[PDB]
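Quick one: experimental structure and sequence below.
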Amino acid sequence: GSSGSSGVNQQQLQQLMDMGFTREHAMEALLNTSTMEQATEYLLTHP
C-alpha cells in the first residue's frame, strides 16, 4: 500500500524533546531545519 513521510517527524521531535526542550521550538526547529543534526543546533541555540 501507500506509505511514506508526511510533515515533520516525531522521531527527531521526540528525540530532541527528550533531551529537554519545548515542542514549540522542537517542531519549528525541524520544520525550519531538514536533518536531525540541524534540529539539535536550532534547539541548542534556543535552550
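That came through, no problem. Numbering: from 1, shown residues only.

isn't residue 31 right next to residue 8, touching?
Yes. At 5.8 Å, residue 31 and residue 8 qualify as touching, with contact defined as Cβ atoms under 8 Å. From N, CA and C alone the C-beta is placed, and that goes for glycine too.

Compare these two (neighbour count), which wins?
Between residue 31 and residue 8, counted using other Cβ atoms under 10 Å, the more crowded position is residue 8 (16 against 13).

give me phi/psi at the more buried one?
Main-chain dihedrals, residue 8, degrees, to the nearest 10: phi -60, psi -160.

you'd agree it is up against residue 30?
Yes. Under the criterion of Cβ under 8 Å, residue 8 makes contact with residue 30 at 4.6 Å.

OK, contacts around residue 19?
Residues near residue 19 by Cβ atoms under 8 Å, 6 or more residues apart in numbering: residue 43.

now do residue 23
Residue 23 is in contact with 13, 17, counting by Cβ under 8 Å, 6+ apart.

before we move on, what about residue 21?
Residue 21 touches residue 43, counting by Cβ under 8 Å, 6+ apart.

how much space between it and residue 2?
32 Å (Cβ to Cβ, to the nearest Å).

Residue 37 sits in which helix or strand?
helix 36-44 (DSSP states H and E).
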